[PDB]
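Novice: Mind folding the following:
(4 chains, ligands or ions: 19)
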Amino acid sequence: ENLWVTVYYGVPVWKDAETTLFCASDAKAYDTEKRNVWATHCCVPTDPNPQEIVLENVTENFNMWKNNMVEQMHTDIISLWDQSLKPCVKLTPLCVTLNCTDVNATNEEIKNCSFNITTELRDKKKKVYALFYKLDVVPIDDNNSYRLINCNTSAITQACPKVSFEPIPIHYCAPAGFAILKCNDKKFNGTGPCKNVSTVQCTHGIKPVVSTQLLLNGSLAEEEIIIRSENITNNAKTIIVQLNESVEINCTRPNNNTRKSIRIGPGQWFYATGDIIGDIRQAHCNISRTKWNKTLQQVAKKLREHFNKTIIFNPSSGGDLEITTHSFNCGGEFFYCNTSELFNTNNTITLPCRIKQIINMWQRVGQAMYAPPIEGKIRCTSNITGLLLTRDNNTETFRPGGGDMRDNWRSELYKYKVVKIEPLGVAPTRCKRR
Amino acid sequence: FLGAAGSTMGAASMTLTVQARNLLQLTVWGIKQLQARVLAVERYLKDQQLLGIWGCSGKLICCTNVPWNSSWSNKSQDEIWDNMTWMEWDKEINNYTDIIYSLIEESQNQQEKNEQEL
Amino acid sequence: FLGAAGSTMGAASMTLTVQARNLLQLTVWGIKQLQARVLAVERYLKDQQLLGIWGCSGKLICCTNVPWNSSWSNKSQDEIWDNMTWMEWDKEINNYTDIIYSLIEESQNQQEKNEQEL
Amino acid sequence: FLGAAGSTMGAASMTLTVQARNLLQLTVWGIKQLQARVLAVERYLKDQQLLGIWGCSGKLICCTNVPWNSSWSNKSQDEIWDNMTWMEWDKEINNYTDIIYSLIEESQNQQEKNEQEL
Ligand SMILES: *[C@@H]1O[C@H](CO)[C@@H](O[C@@H]2O[C@H](CO)[C@@H](O[C@@H]3O[C@H](CO[C@H]4O[C@H](CO[C@H]5O[C@H](CO)[C@@H](O)[C@H](O)[C@@H]5O)[C@@H](O)[C@H](O)[C@@H]4O)[C@@H](O)[C@H](O[C@H]4O[C@H](CO)[C@@H](O)[C@H](O)[C@@H]4O[C@H]4O[C@H](CO)[C@@H](O)[C@H](O)[C@@H]4O)[C@@H]3O)[C@H](O)[C@H]2NC(C)=O)[C@H](O)[C@H]1NC(C)=O
Ligand SMILES: *[C@@H]1O[C@H](CO)[C@@H](O[C@@H]2O[C@H](CO)[C@@H](O[C@@H]3O[C@H](CO[C@H]4O[C@H](CO)[C@@H](O)[C@H](O)[C@@H]4O)[C@@H](O)[C@H](O)[C@@H]3O)[C@H](O)[C@H]2NC(C)=O)[C@H](O)[C@H]1NC(C)=O
Ligand SMILES: *[C@@H]1O[C@H](CO)[C@@H](O[C@@H]2O[C@H](CO)[C@@H](O[C@@H]3O[C@H](CO)[C@@H](O)[C@H](O)[C@@H]3O)[C@H](O)[C@H]2NC(C)=O)[C@H](O)[C@H]1NC(C)=O
Ligand SMILES: *[C@@H]1O[C@H](CO)[C@@H](O[C@@H]2O[C@H](CO)[C@@H](O[C@@H]3O[C@H](CO)[C@@H](O)[C@H](O)[C@@H]3O)[C@H](O)[C@H]2NC(C)=O)[C@H](O)[C@H]1NC(C)=O
Ligand SMILES: *[C@@H]1O[C@H](CO)[C@@H](O[C@@H]2O[C@H](CO)[C@@H](O)[C@H](O)[C@H]2NC(C)=O)[C@H](O)[C@H]1NC(C)=O
Ligand SMILES: *[C@@H]1O[C@H](CO)[C@@H](O[C@@H]2O[C@H](CO)[C@@H](O)[C@H](O)[C@H]2NC(C)=O)[C@H](O)[C@H]1NC(C)=O
Ligand SMILES: *[C@@H]1O[C@H](CO)[C@@H](O[C@@H]2O[C@H](CO)[C@@H](O)[C@H](O)[C@H]2NC(C)=O)[C@H](O)[C@H]1NC(C)=O
Ligand SMILES: *[C@@H]1O[C@H](CO)[C@@H](O[C@@H]2O[C@H](CO)[C@@H](O)[C@H](O)[C@H]2NC(C)=O)[C@H](O)[C@H]1NC(C)=O
Ligand SMILES: *[C@@H]1O[C@H](CO)[C@@H](O[C@@H]2O[C@H](CO)[C@@H](O)[C@H](O)[C@H]2NC(C)=O)[C@H](O)[C@H]1NC(C)=O
Ligand SMILES: *[C@@H]1O[C@H](CO)[C@@H](O[C@@H]2O[C@H](CO)[C@@H](O)[C@H](O)[C@H]2NC(C)=O)[C@H](O)[C@H]1NC(C)=O
Ligand SMILES: *[C@@H]1O[C@H](CO)[C@@H](O[C@@H]2O[C@H](CO)[C@@H](O)[C@H](O)[C@H]2NC(C)=O)[C@H](O)[C@H]1NC(C)=O
Ligand SMILES: *[C@@H]1O[C@H](CO)[C@@H](O[C@@H]2O[C@H](CO)[C@@H](O)[C@H](O)[C@H]2NC(C)=O)[C@H](O)[C@H]1NC(C)=O
Ligand SMILES: *[C@@H]1O[C@H](CO)[C@@H](O[C@@H]2O[C@H](CO)[C@@H](O)[C@H](O)[C@H]2NC(C)=O)[C@H](O)[C@H]1NC(C)=O
Ligand SMILES: *[C@@H]1O[C@H](CO)[C@@H](O[C@@H]2O[C@H](CO)[C@@H](O)[C@H](O)[C@H]2NC(C)=O)[C@H](O)[C@H]1NC(C)=O
Ligand SMILES: *[C@@H]1O[C@H](CO)[C@@H](O)[C@H](O)[C@H]1NC(C)=O
Ligand SMILES: *[C@@H]1O[C@H](CO)[C@@H](O)[C@H](O)[C@H]1NC(C)=O
Ligand SMILES: *[C@@H]1O[C@H](CO)[C@@H](O)[C@H](O)[C@H]1NC(C)=O
Ligand SMILES: *[C@@H]1O[C@H](CO)[C@@H](O)[C@H](O)[C@H]1NC(C)=O
Ligand SMILES: *[C@@H]1O[C@H](CO)[C@@H](O)[C@H](O)[C@H]1NC(C)=O
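Specialist: Residues are numbered from 1 along each chain as shown, chains lettered A, B, ... in the order given. Ligands and ions are numbered 1, 2, ... in the order given. Take a look at the structure below.
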């Protein structure tokens, strides 16, 4: 019974921790021509035959709202975009009076504007033309005199014409001494214990898809719609709804664009929209009516379990386009689609969409980007895998939320927790040093 | 790796060599990883230094002086090594971690190094 | 340093202390060297950790359990220690490097540590 | 920490674990600290490597072969351990630091490792 202290090293125990994770990818199928920002060539390959260890007889408390993997992913993305755009052409020389008239889409939103631009030789300026979308241009006068919307606030960096921003699944992997725990309870929602817990080197690939009302291309729930919130009784919180069935969206940019290269300096090129070829048509997105109807009704049914009120949906209440419309990127183009027909037969719901080139991503007002035009036509296929909803009676009203991108990552990282291994410990034995 | 986390404390003694084995441009993307590498080394060395102080540098299982307090644990070995897991154990001892380490360090070294020269 | 590279394996045993001894602005010019310093430390520690696992941490010459396979080497010592150099030797064993190491870690460590407590 | 600096050499032997224990953005402000951390590790490892070579890796007090020279010190222990402090001592031996170290590495290691295999 005369038990003594014995030191054991290599004890299989852990403590919660916050550390630096690294970027890893599955495929190295990406070339150097595309220069995808998520194929940085600074991101390592992951394990082609990854292991997962089931931890039996353990319980672990997971919390998607206080999870630090989300903050780190958010930070990495902002940093990545700023670095990728760092060396590219600045468009401050374009903050000149624009002489604009409507394009010959006559008997809307595209303006034909004239500029006075300094050429490679500083003594001369050339008069040139470009087409702009109405959303990017603000009038100065009541006359045909306009300015770009950013000159009032910030300088524009032109997106690098050779850099793809197409999402590539990224795995976030632990550094030595750390491990990632995964929750395998199919019905795990927000915060609380998970009974089926396993250990992995790293997460599944997560596509860094940016959208504001409908979450796209994520992972579906295994059995039913799962509703996740930090505090479901707080109307100020976002409710993340994970669908157990996807709904497809077909989006397009139906007019044929051309690209006009304008020199604005000594090796400094500006890419302007050139003439539109053929008909001028409005951008749009197609959602099957029958799939949407059953999906939205199932969401109302599941939401009801937490409120016991009749649930209805409404169009968003207002704000700028990033919040009021379904903002998303597709093909490198930036779409803002009107969803009033969703949040409200056998037809297809066709949502009109608008497109804009001068962008202030992640609410970082003061850092504008110009998205150069893409020649030809654009066709997108995507999956709605979830919704971001907010709330305002014997009824309750839900509206699209979004804007703050961390909510789009909590929806994939809710299953993961980072812990550190603390292998040194003590237990009793009759064994003594001598 | 942590396969033994759900196993009992005794059984888990076979994996000490597993748990103890995986401990080893100018941009933020890169500097944060360099900092992580330096930290991994520092954490490794701190554990090795402490084992050296306790006279446990070459051992995964190291018996020391310092008997157990009933205030730390009054549980029999029948449960500790045969039924409990290491996580469960850590949850019972935790508060005494610093106390035990201090007692080992301040006893085991002074009472051996002098006696050996003499 | 490597003076013994052309010497036979036995003679070269006198230089183990030599070969084992030299193992320790915001510009790329300097960051690459900071990274090199960190790597030198990491390589050093990985070799020390492995020797510790095998029970060889304090030794340059460390006898272990695990007999030799005729599939690894069928030469007598008359050739191995007296005529061959270490480069020549490494060129013949190479394919079995991982095999031999696994056989020490999975044997020499587990069969000594449990027995010592007992 | 250095509380024993004014104490005699013998008394100071009780603080060896004190003195030996505290050895572990893209801006200059931060890079210089990262460099300092790497250096602290390198200095630590160099002392540990040297003790390993001398066969003193597990010891704070380590007896070796190599008798004392009257050219190094002609004092009796009555003065060295009981009246002198370690600073005073270092000030008298200093010139022979490299000599003594070479005499341990070239003797204590080679004459023990070959003999142990044999
Ligand atoms: C949710 O997930 C979905 C599914 O991944 C996302 O939807 C995808 O989005 C992709 C990017 O927008 C889109 O990829 C573009 O598709 C265009 C149409 O391609 C048709 O033809 C190909 C033929 O395939 C064969 O050839 C290719 C060539 O590389 C090979 O790679 C294949 O293996 C085959 O051998 C079919 O496979 C398609 O199904 C279509 O029928 C392509 O034209 C386009 O490529 C051009 O743009 C690239 C931009 O990075 C560029 O790298 C590439 O080199 C091409 O550019 C050349 O041509 C242009 C013309 O103007 C020129 O300016 C350039 O200088 C250069 O010369 C892409 O491949 C996926 O097809 C699409 N998937 C579906 C099902 O629609 C969805 O976006 C995502 N959700 C969100 C919100 O992101
Ligand atoms: C958007 O508008 C673009 C500009 O009009 C369209 O590009 C045109 O597409 C047509 C249909 O494929 C091409 O016609 C073919 O041309 C080839 C020969 O091409 C080569 O010679 C021409 C001579 O001018 C040269 O311009 C090309 O670069 C090639 O060197 C013929 O063999 C075919 O039989 C057929 O006539 C046009 O040539 C092409 N124009 C250009 C400038 O490339 C584009 O297709 C439209 N996009 C969409 C989605 O509608
Ligand atoms: C998304 O599309 C919807 C339509 O499906 C847009 O709502 C419509 O917005 C127009 C704005 O001019 C409304 O017209 C105005 O209505 C008020 C009503 O008092 C009237 O006084 C004005 O003279 C004018 O007629 C229109 O009624 C409204 N439709 C509905 C059904 O309310 C919505 O604005 C679009 N949102 C975005 C972000 O694009
Ligand atoms: C949107 O969601 C749909 C499902 O609702 C996805 O369709 C499914 O895609 C997977 C591929 O990840 C298909 O699995 C494999 O397809 C290959 C095709 O040759 C087959 O050989 C394999 O054995 C396996 O079936 C799956 O069948 C397909 N499901 C259906 C009903 O077509 C779609 O990929 C998602 N993404 C987009 C952008 O549409
Ligand atoms: C608990 O989670 C583990 C995963 O950590 C589940 O194990 C997987 O089960 C599927 C079933 O077909 C296998 O295909 C996978 O290969 C298994 N993975 C691993 C790592 O073993 C397990 O089934 C879950 N148990 C419960 C009750 O949900
Ligand atoms: C550019 O500005 C001018 C005037 O500010 C616009 O009007 C033209 O003015 C010149 C002056 O001599 C006349 O000769 C032209 O006939 C005027 N145009 C028309 C249609 O009457 C001109 O239209 C503006 N251009 C753009 C692209 O806005
Ligand atoms: C800069 O823009 C101004 C107008 O915005 C150009 O001035 C016009 O130039 C034409 C050339 O024939 C004249 O006919 C117009 O009467 C001028 N407008 C005014 C208001 O005077 C000016 O030429 C442009 N600079 C360059 C280098 O093209
Ligand atoms: C320059 O920027 C300021 C804000 O920084 C603009 O002021 C508001 O802009 C919004 C944008 O639609 C309008 O709805 C508000 O009505 C504007 N405020 C006022 C008091 O009118 C300002 O309008 C921008 N410059 C121009 C020419 O529009
Ligand atoms: C999943 O939803 C359930 C509710 O159906 C959560 O239950 C908790 O219940 C206690 C009871 O007092 C409340 O105080 C907690 O606030 C509820 N949690 C939450 C997050 O609201 C359960 O915790 C949810 N999450 C998980 C992972 O089980
Ligand atoms: C969600 O947050 C809201 C935030 O207000 C909590 O509800 C109110 O909290 C205030 C705090 O002073 C109380 O005075 C109110 O009486 C609370 N309202 C109600 C209806 O009780 C709410 O309790 C939080 N919910 C959860 C599940 O934590
Ligand atoms: C979105 O586009 C896809 C194809 O890009 C449509 O899928 C086609 O649907 C028709 C319906 O009869 C099938 O015959 C085709 O074979 C399908 N194509 C493929 C490649 O499978 C889908 O129906 C469209 N969705 C909407 C809402 O229009
Ligand atoms: C999780 O707990 C269960 C229940 O105790 C373990 O299964 C049995 O444990 C008893 C304990 O003495 C053994 O005698 C039985 O033989 C075990 N069952 C089997 C089928 O062997 C289970 O092993 C525990 N999990 C782990 C990882 O050990
Ligand atoms: C290189 O090979 C030569 C030839 O074997 C070595 O020289 C002789 O090696 C034999 C081997 O038994 C010794 O008995 C002789 O005494 C060696 N010659 C002399 C002059 O001593 C030579 O030493 C080898 N190189 C090295 C570095 O050992
Ligand atoms: C500093 O020197 C003084 C003077 O020697 C030390 O005090 C005495 O030292 C003698 C040496 O044999 C002891 O016998 C006395 O007992 C010491 N005095 C007391 C009051 O104990 C003093 O201790 C030295 N400083 C330190 C840190 O030891
Ligand atoms: C989840 O999708 C499956 C697809 O077959 C469907 O049967 C099931 O009813 C859906 N879950 C809910 C809650 O409807
Ligand atoms: C959409 O909402 C508006 C709100 O005014 C309503 O008038 C309209 O009838 C609704 N459309 C559908 C299809 O419910
Ligand atoms: C147990 O704790 C008490 C607290 O005063 C202490 O006196 C006693 O010596 C301790 N026993 C052991 C085994 O350390
Ligand atoms: C030699 O290799 C064979 C391959 O099966 C193995 O069975 C045998 O035990 C090995 N001998 C040694 C000494 O490991
Ligand atoms: C003392 O120094 C002399 C210098 O020649 C040397 O010969 C002698 O061996 C040394 N004694 C010791 C103990 O090393």
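
Novice: Need the nearest residue in space to residue 33, chain neighbours excluded.
Specialist: Just so you know, I chose chain A. residue A:162 (7.8 Å; C-beta to C-beta, 6 or more residues apart in numbering or on different chains). From N, CA and C alone the C-beta is placed, and that goes for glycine too.

Novice: meant chain B actually
Specialist: residue A:22 (6.1 Å).

Novice: Which residues are in contact with the one you found?
Specialist: Each residue near residue A:22 by C-beta atoms under 8 Å, 6 or more residues apart in numbering or on different chains is listed here: A:44, A:172-173, A:175, B:33, B:36.

Novice: roughly how far apart are it and residue A:51?
Specialist: 18 Å (C-beta to C-beta, to the nearest Å).

Novice: in the chain, which helix has the most residues?
Specialist: Using chain A. helix A:68-85 (DSSP state H).

Novice: hm, I was asking about chain B
Specialist: helix B:28-54.

Novice: Moving along the chain from it, name the first helix or strand you hit.
Specialist: Per DSSP states H and E, the first helix or strand lying C-terminal to helix B:28-54 is strand B:61-67.

Novice: what residues does that following strand touch?
Specialist: With C-beta under 8 Å, 6+ apart as the criterion, strand B:61-67 contacts A:2-9, A:429, A:431-433, B:13, B:16, B:51, B:54-56, B:100, B:103-104, B:107-108, B:111, C:113-114, C:116-117.

Novice: and chain A, which of its residues are near ligand 11?
Specialist: Chain A has residues A:248, A:250, A:286-288, A:348, A:381 near ligand 11, with proximity defined as C-beta under 6 Å from any ligand atom.

Novice: Would you mark the buried spots in stretch B:56-69?
Specialist: By neighbour count on 16 or more other C-beta atoms under 10 Å in any protein chain shown, the buried set for stretch B:56-69 is B:56-66, B:68.

Novice: for stretch A:59-76, that is, sorry about that
Specialist: A:60, A:62, A:64, A:67, A:69-70, A:72-74, A:76.

Novice: most surrounded residue in the contacts of residue A:22?
Specialist: Neighbour tally across the contacts of residue A:22 (other C-beta atoms under 10 Å in any protein chain shown): the maximum, 22 neighbours, falls on residue A:172.

Novice: SS state for residue A:384?
Specialist: strand (DSSP: H, G, I helix; E, B strand; the rest coil).

Novice: what's the closest non-adjacent residue to it?
Specialist: Using C-beta to C-beta, 6+ apart, the nearest residue to residue A:384 is residue A:247, at 4.3 Å.

Novice: Pull the distance from the helix or strand harbouring the one you found to the chain's centre.
Specialist: Using DSSP H and E, residue A:247 sits in strand A:239-257. Offset of strand A:239-257 from its chain centre (C-alpha atoms, centre = their mean, to the nearest Å): 13 Å.

Novice: Determine the set of other helices and strands touching that strand.
Specialist: strand A:214-216, strand A:226-228, strand A:283-288, helix A:289-304, strand A:333-337, strand A:376-391, helix A:407-413 (3 or more C-beta pairs under 8 Å, 6 or more residues apart in numbering or on different chains; DSSP states H and E).

Novice: Near ligand 17, which residues of chain B? Just list them.
Specialist: Near ligand 17, when you scan chain B using C-beta under 6 Å from any ligand atom, you find B:67-69, B:71.

Novice: Dump these into TSV; add distance to ligand 2 as well.
Specialist: Shown next, in TSV, are the residues of chain B next to ligand 17 (distance: C-beta to the nearest ligand atom, whole Å):
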residue	distance to ligand 2
B:67	84
B:68	80
B:69	81
B:71	80
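
Novice: Now do the contacts for residue 40.
Specialist: The chain I'm using is chain A. A:23, A:80, B:29.

Novice: um, chain B though
Specialist: A:175-177, B:23-24.

Novice: and of those residues, the nearest to ligand 4?
Specialist: Each of those was scored against ligand 4 by C-beta to the nearest ligand atom, and residue A:175 proved nearest at 30.7 Å.

Novice: Which pair of the residues of chain A next to ligand 11 spans the longest distance?
Specialist: A:348 and A:381 (14.1 Å; C-beta to C-beta).

Novice: More neighbours: these two, which one.
Specialist: Using other C-beta under 10 Å as the criterion, residue A:348 and residue A:381 rank with residue A:348 on top: 13 against 10.

Novice: The more buried one pairs with what?
Specialist: Beta-bridge pairing of residue A:348 under DSSP bridges involves residue A:288.

Novice: looking at it, it is touching residue A:287, isn't it?
Specialist: Yes: shown here, residue A:348 and residue A:287 form a contact pair, counting by C-beta atoms under 8 Å, at 6.9 Å.

Novice: Now list whatever residues contact both of these two.
Specialist: Joint contacts of residue A:348 and residue A:287 (C-beta under 8 Å, 6+ apart) do not exist.

Novice: hmm, back to that, show me the contacts of strand B:61-67 that map onto helices.
Specialist: Going by DSSP H, the helices hold B:16, B:51, B:54, B:100, B:103-104, B:107-108, B:111, C:113-114, C:116-117 from the contacts of strand B:61-67.

Novice: Adding neighbour count, write the residues you listed out as a markdown table.
Specialist: Listed next are the ones in helices among the contacts of strand B:61-67 as a markdown table, based on neighbours: other C-beta atoms under 10 Å in any protein chain shown:
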| residue | neighbour count |
| --- | --- |
| B:16 | 23 |
| B:51 | 18 |
| B:54 | 21 |
| B:100 | 19 |
| B:103 | 17 |
| B:104 | 22 |
| B:107 | 16 |
| B:108 | 21 |
| B:111 | 12 |
| C:113 | 20 |
| C:114 | 14 |
| C:116 | 12 |
| C:117 | 16 |
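
Novice: between these, which is nearest ligand 11?
Specialist: residue B:16 (54.9 Å).

Novice: what sits against the nearest residue to the closest one once chain neighbours are set aside?
Specialist: Spatial nearest neighbour of residue B:16, excluding adjacent residues (C-beta to C-beta, 6+ apart): residue A:10 at 3.1 Å. Residue A:10 sits next to A:423, B:15-21, B:60 when contact means C-beta under 8 Å, 6+ apart.
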